[PDB]
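So this first bit is one chain, no partners, the form deposited in one PDB entry, shown in structure tokens.
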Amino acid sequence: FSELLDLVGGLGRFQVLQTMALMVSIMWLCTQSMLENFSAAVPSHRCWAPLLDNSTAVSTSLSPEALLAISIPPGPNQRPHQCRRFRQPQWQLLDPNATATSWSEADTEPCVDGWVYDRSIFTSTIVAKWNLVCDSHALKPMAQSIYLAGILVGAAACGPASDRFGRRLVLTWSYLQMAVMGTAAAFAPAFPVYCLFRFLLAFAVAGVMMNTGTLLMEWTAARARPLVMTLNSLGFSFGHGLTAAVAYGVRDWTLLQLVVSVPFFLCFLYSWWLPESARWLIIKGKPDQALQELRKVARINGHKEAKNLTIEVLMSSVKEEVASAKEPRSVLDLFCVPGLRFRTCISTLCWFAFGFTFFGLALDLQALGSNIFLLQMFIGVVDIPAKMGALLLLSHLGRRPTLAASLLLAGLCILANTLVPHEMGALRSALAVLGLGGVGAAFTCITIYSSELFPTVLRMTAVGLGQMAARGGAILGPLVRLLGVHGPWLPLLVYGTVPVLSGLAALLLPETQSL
């Protein structure tokens, strides 16, 4: 196949522009996933009460602090209660002789008249729109889990459709679906409808993610392929900073979702000027069209040797890859070789731990640091050197020590974040950023490592099991926060424990770096 690329250019203008065009789309795709740190930010909130809020009433000399003491009981955080109010104004709390036990729980009622939300940071959020608070607290992580389950289902559906219809066609319509469904969610009338449209948006996110990487590799010479995939991975690192920058300017959830959805109408349009893969076209017995794509690429690269692309040269080079079709295989085969049985388990575990920890932590930055814009920016900025240093280390020290060290350090940083006292918010922010950086480095390490642990017959089946494990763990990520009602440290303890246990397990894997 690489002879056709050499007659067409395996690295050059076309590959450069293709890499740029796909990197930008991956940045915006990353913004789509990270959006609910801001679109679904929780404002500080309290019950609606007549004295505080019915401004049509008779004015008085009492200042808002006294009215807040008189109207709403204190809560766990040494702050006003977010879900209860006094049944009648408690004037007896105003005197200096008052005490904390001067009232009883029977004197308090829930927010019958609704909530009042802080508008200083955000104009609106889905939490404030649909009151995803108090008894409905679980609905935010439920929405995030529904999005990630959409990604799981979409990745399941993508493969067969990509093989049946082609990488570029499915990528094109995935772009269109992302644009439509992102626009539709921004105007949703109700919470279930918003969840439906976020699920259908993730369904297309999965296809974009898969077909972008596939369409890059199938047009890139093996010499440049690793660098190209590395740049594809850095697109998300820049997507984090892009999310912080865009969300800083747009403080309204509708406008934010709409703004991050519009770009995909442009991605849809310029996806038509891309060529379909010639490998896929020849494999499907379509040399008449593969030739057209090949000479399109050669024309872009300014390469004259399309004159030598007599159609037979296609039918005598790529044709015989179809020999691989004689033996389809399944996930269950991985565990039928006793030498691979344990290897498979402790690799899939690392994939699961990566996805679980990353989407446990990165989707509630509001719990990890005071300022979420700067914190998002930093989990973007640190991710870059983390990934590239992972590449450097595994190119020098090998795969096993790099994966083990990254996972262990990430887990131990996240555990420390619980141990550092709450007042030292700067150090907690730094440690959270370092933990997520270790998780990203572990993503790099496991992606490269899993492509080497298994025999050629099974490499892609093993990697598929790994990727599906990562998506399944990402689904469980958000739901662990429901443990937070028992204590703020418990979800973080779980998120820190999982990577430690998986990084200890990674010490048992065999090495694959060339000697």
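Counting begins at 1, following the sequence as shown. Take the two forms, find the largest set of C-alpha atoms that superpose within 1.5 Å, and that set is the rigid core.
As for the form deposited in another entry, it is not shown, yet the points below apply to it.
When the two forms are superposed on their rigid core between the shown form and the other one, the C-alpha shift of 2 Å or more among 208, 353, 201, 148 belongs solely to 353. Here residue 38 does not count as shifted, since its C-alpha moves by less than 2 Å between the shown form and the other one after the core is aligned. Once both forms are overlaid on the rigid core, the distance between the two CA positions of residue 404 between the shown form and the other one is 2 angstroms or more. Fitting the two forms on the rigid core leaves the C-alpha of residue 48 displaced by under 2 angstroms between the shown form and the other one. A change of 3 Å or more separates the two forms for residue 361 and residue 140: their C-alpha atoms lie farther apart in the other entry.
Look at residue 486 and residue 43: in the other entry their Cα atoms move 3 Å or more farther apart than in this form.
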